[PDB]
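Enquirer: Quick one, fold the following:
(2 chains)
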There are 2 protein chains.
Amino acid sequence: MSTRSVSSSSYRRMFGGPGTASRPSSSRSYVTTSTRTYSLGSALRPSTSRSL
Amino acid sequence: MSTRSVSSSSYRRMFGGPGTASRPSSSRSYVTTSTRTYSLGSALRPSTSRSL
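Expert: Numbers count the residues shown, from 1 in each chain, chains lettered A, B, ... in the order given. Take a look at the structure below.
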């Protein structure tokens, strides 16, 4: 017989389906500004009382 | 990352190994060695033995 040899390409592995590796968890970011506590002159300003 | 593919290897995946591509071509013709009850020439010895 001329041997019908086993043509042995990568039917064994290199597959496949879970090619979904690094899904972007970066879709969860947490951006926030340098959050201000605001200044107020209300404790710099006393009551200048006029005595008559 | 590298896919650990325990494949059907690319030497028998497309090549039907042990297997009908390894071709068990065994058509079981029995080699009937036909036994005849005949030694060559035994049917006729013309007997000129008539010793009168």
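Enquirer: Give me every residue in chain A lying close to chain B.
Expert: Within chain A, the residues that sit near chain B (C-beta under 8 Å from any C-beta of the partner chain) are A:1, A:3-16, A:21. Any C-beta I mention is one placed from the backbone N, CA and C, and that applies to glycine too.
Enquirer: switch the cut-off to 6 Å
Expert: Proximity of chain A to chain B, by C-beta under 6 Å from any C-beta of the partner chain, involves residues A:4, A:6, A:7, A:8, A:9, A:10, A:11, A:12, A:13, A:14, A:21.
Enquirer: Relative to residue A:19, how far out is the spatially closest residue to the fourth one that is not a sequence neighbour?
Expert: For residue A:8, ignoring the flanking residues on the chain, the nearest one in space by C-beta to C-beta, 6 or more residues apart in numbering or on different chains is residue B:11 at 1.2 Å. Counting by C-beta to C-beta, to the nearest Å, the gap from residue B:11 to residue A:19 is 24 Å.
Enquirer: how about residue A:13, what does it touch?
Expert: B:5, B:6, B:7 (C-beta atoms under 6 Å, 6 or more residues apart in numbering or on different chains).
Enquirer: In terms of helices and strands, where is the closest residue to the last one other than its chain neighbours?
Expert: On the basis of C-beta to C-beta, 6+ apart, the spatially nearest residue to residue B:7 that is not a chain neighbour turns out to be residue A:12, at 1.6 Å. Secondary structure from DSSP states H and E places residue A:12 outside every helix and strand.
Enquirer: number of nearby residues for residue A:12?
Expert: A count of nearby residues for residue A:12, using other C-beta atoms under 10 Å in any protein chain shown, gives 16.
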